[PDB]
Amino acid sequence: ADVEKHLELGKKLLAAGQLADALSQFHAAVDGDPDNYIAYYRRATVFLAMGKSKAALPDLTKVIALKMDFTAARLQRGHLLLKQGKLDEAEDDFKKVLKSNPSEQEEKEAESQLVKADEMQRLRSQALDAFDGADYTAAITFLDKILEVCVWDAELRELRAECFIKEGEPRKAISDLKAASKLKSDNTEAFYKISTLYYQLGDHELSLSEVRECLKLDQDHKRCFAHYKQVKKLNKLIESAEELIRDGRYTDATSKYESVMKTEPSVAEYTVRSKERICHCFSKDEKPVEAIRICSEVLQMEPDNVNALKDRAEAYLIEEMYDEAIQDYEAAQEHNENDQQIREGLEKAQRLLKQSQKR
């Protein structure tokens, strides 16, 4: 009777669009009578209207537990399961809807959802099959299709991410893993994986804070911890080096980047990036011979590295090799038409050249 009054009010409030207030009434009704099946149903239609399926599901399955013939609630759960990619359980729900005297509308909705589930069910086999056969591009194709419908399927999301890492597309993989993490709570393994991918990418900082998220969920995570110790060190070293170059302490910065390559010799990006900064160090410390040797090395690997070009240029000028200095500025300027810093140096190199040419 208090329950009934709460139920009635909630219906009015729901009809009027006052969702939170409707929710409150249906909560009160459920609390007033924990066995009443419609109370849980009413509350679930409110969560559904808000679009909070995480909250709706337990109430939907409660209703079904209490009232197995309650076709409307089972139809709704079937929808959520299909979206979650729980294909077997979805089909099971839709199929049982068909056999519990559905209204005409419910019958059409369930038949429509059984056609689609069966498509997904077929596509899932093709996706898993292509993956087991190490055909990662075929797999993505199928997963693309599946994930359009099964949008809250965390594991197929992660499987597509695996495809992307294998396909040499780590940034795409990070993105799928991030999306997946928003759908699942147990995220430790995904956070670990993204932190790793950042690491291999050279993004030491994001790698570090990403591994911190892992340790925040589980402090004892052995793999996450072992990697934390590695990035933490590798990251402090780079932070120290950049701090040293800020204060003009070039030989200590060189020394610092030397140990940066020591502590991570496998991942190419850390030597290449370290060499670039060392190239910068020798240049700014006005030590031209060494500057041109290693700025050249960097440039062997990265012919378009603007910083290396500018720094080698600056080193050529000490050596009074004006022709080589301008040629390096021109290469840098080629893709950086508007960069004021390149212009200044090129025009400087040209003034110095003229000076020497005066008679």
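Numbering starts at 1 and runs along the sequence shown.
- Between 136 to 144 and 79 to 87, it is 136 to 144 that carries the larger average Cα temperature factor according to the deposited entry.
- Of the two segments, 333 to 341 and 16 to 24, the one listed with the higher mean B-factor is 333 to 341 (C-alpha atoms only).
- Within the group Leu48, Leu57, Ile38, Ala325, the record's highest C-alpha temperature factor is found at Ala325.
- Comparing C-alpha B-factors across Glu239, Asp176, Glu276, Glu286 in the deposited entry, the largest value falls on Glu286.
- Among the modelled residues of its chain, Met301 has a C-alpha B-factor that falls in the highest third according to the deposited record.
- The deposited CA B-factor of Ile64 belongs to the middle third of values across its chain.
- In the deposited entry, the Cα temperature factor of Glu269 sits in the middle third of values across the chain's modelled residues.
- In the deposited entry, the Cα temperature factor of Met321 places it in the highest third of its chain's modelled residues.
- Ranked by C-alpha B-factor against the other modelled residues of its chain, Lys216 falls in the highest third.
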